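A.B. asks: Let me give you the structure first, and then I'll get to my questions.
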Amino acid sequence: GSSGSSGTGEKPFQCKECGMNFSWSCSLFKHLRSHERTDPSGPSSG
Ligand SMILES: [Zn+2]
């Protein structure tokens with residue numbers, strides 16, 4: 001299976017719609033709207 005982690009990169013904030021991560025806090029919100037206005041057309045992320 002997927003066995004290979006090249007480099008390390010974690011994130012404090014994360015999207016609860018698609019999983020998109022964002023360094024800042026507010027930033028995420030600016031992206032979250034993408035779901036508040038338009039629908040992803042179903043569960044994009046498991
Ligand atoms: Zn998202």
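We label chains A, B, ... in the order they appear in the structure tokens, count residues from 1 in each chain, and number ligands from 1 in the order shown.
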Could you write out, as a ChimeraX atom specification, all the residues of chain A that DSSP marks as strand (DSSP E or B)?

C.D. replies: /A:13-14,21-22

A.B. asks: Find the residues around residue 31 in chain A up to 12 Å (only C-alpha atoms counted), leave out those fewer than 5 positions away in its own chain, and share them as a PyMOL selection string.

C.D. replies: chain A and resi 13-22+24-26+36-38

A.B. asks: Can you list, as JSON, numbers by chain, every residue of chain A that DSSP puts in alpha helix (DSSP H)?

C.D. replies: {"A": [26, 27, 28, 29, 30, 31, 32, 33, 34, 35, 36, 37]}

A.B. asks: Once you have the residues from the selection above, write them out as a PDB file, in the first residue's frame, restricted to N, CA, C and O atoms.

C.D. replies:
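Contents of part-v6.pdb, freshly written:
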ATOM      1  N   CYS A  26      -8.007  32.423  10.116  1.00  0.00           N
ATOM      2  CA  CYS A  26      -9.022  33.053   9.279  1.00  0.00           C
ATOM      3  C   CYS A  26      -8.965  32.509   7.855  1.00  0.00           C
ATOM      4  O   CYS A  26      -9.989  32.143   7.278  1.00  0.00           O
ATOM      5  N   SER A  27      -7.762  32.462   7.293  1.00  0.00           N
ATOM      6  CA  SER A  27      -7.571  31.970   5.933  1.00  0.00           C
ATOM      7  C   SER A  27      -8.549  30.839   5.624  1.00  0.00           C
ATOM      8  O   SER A  27      -9.343  30.928   4.687  1.00  0.00           O
ATOM      9  N   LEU A  28      -8.482  29.775   6.417  1.00  0.00           N
ATOM     10  CA  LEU A  28      -9.360  28.626   6.229  1.00  0.00           C
ATOM     11  C   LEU A  28     -10.786  29.073   5.927  1.00  0.00           C
ATOM     12  O   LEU A  28     -11.397  28.626   4.955  1.00  0.00           O
ATOM     13  N   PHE A  29     -11.313  29.960   6.765  1.00  0.00           N
ATOM     14  CA  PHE A  29     -12.667  30.470   6.586  1.00  0.00           C
ATOM     15  C   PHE A  29     -12.886  30.946   5.154  1.00  0.00           C
ATOM     16  O   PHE A  29     -13.887  30.612   4.521  1.00  0.00           O
ATOM     17  N   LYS A  30     -11.940  31.731   4.647  1.00  0.00           N
ATOM     18  CA  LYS A  30     -12.027  32.253   3.288  1.00  0.00           C
ATOM     19  C   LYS A  30     -12.244  31.126   2.284  1.00  0.00           C
ATOM     20  O   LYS A  30     -12.812  31.338   1.212  1.00  0.00           O
ATOM     21  N   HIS A  31     -11.790  29.929   2.639  1.00  0.00           N
ATOM     22  CA  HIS A  31     -11.937  28.767   1.768  1.00  0.00           C
ATOM     23  C   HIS A  31     -13.214  28.000   2.097  1.00  0.00           C
ATOM     24  O   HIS A  31     -13.897  27.498   1.203  1.00  0.00           O
ATOM     25  N   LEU A  32     -13.532  27.913   3.385  1.00  0.00           N
ATOM     26  CA  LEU A  32     -14.727  27.206   3.832  1.00  0.00           C
ATOM     27  C   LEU A  32     -15.956  27.671   3.057  1.00  0.00           C
ATOM     28  O   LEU A  32     -16.814  26.866   2.694  1.00  0.00           O
ATOM     29  N   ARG A  33     -16.033  28.973   2.805  1.00  0.00           N
ATOM     30  CA  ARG A  33     -17.156  29.544   2.072  1.00  0.00           C
ATOM     31  C   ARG A  33     -17.408  28.776   0.778  1.00  0.00           C
ATOM     32  O   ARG A  33     -18.553  28.597   0.363  1.00  0.00           O
ATOM     33  N   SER A  34     -16.331  28.323   0.145  1.00  0.00           N
ATOM     34  CA  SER A  34     -16.435  27.576  -1.104  1.00  0.00           C
ATOM     35  C   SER A  34     -17.492  26.482  -0.997  1.00  0.00           C
ATOM     36  O   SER A  34     -18.011  26.002  -2.005  1.00  0.00           O
ATOM     37  N   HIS A  35     -17.807  26.091   0.235  1.00  0.00           N
ATOM     38  CA  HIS A  35     -18.803  25.053   0.476  1.00  0.00           C
ATOM     39  C   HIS A  35     -20.129  25.665   0.915  1.00  0.00           C
ATOM     40  O   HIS A  35     -21.194  25.096   0.677  1.00  0.00           O
ATOM     41  N   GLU A  36     -20.056  26.827   1.557  1.00  0.00           N
ATOM     42  CA  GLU A  36     -21.252  27.514   2.031  1.00  0.00           C
ATOM     43  C   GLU A  36     -22.067  28.057   0.861  1.00  0.00           C
ATOM     44  O   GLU A  36     -23.296  28.106   0.916  1.00  0.00           O
ATOM     45  N   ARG A  37     -21.373  28.462  -0.198  1.00  0.00           N
ATOM     46  CA  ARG A  37     -22.032  29.003  -1.381  1.00  0.00           C
ATOM     47  C   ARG A  37     -22.357  27.894  -2.377  1.00  0.00           C
ATOM     48  O   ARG A  37     -23.522  27.648  -2.693  1.00  0.00           O
TER      49      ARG A  37
END

A.B. asks: For a test of reading the model, state the distance in Å between CA of residue 45 in chain A and CA of residue 3 in chain A, rounded to one decimal.

C.D. replies: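 Between these atoms lies a distance of 20.4 Å.
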
A.B. asks: Measuring atom to atom with only C-alpha atoms and all ligand atoms, identify which of A:2, A:44, A:23, A:12 is nearest to ligand 1.

C.D. replies: A:44
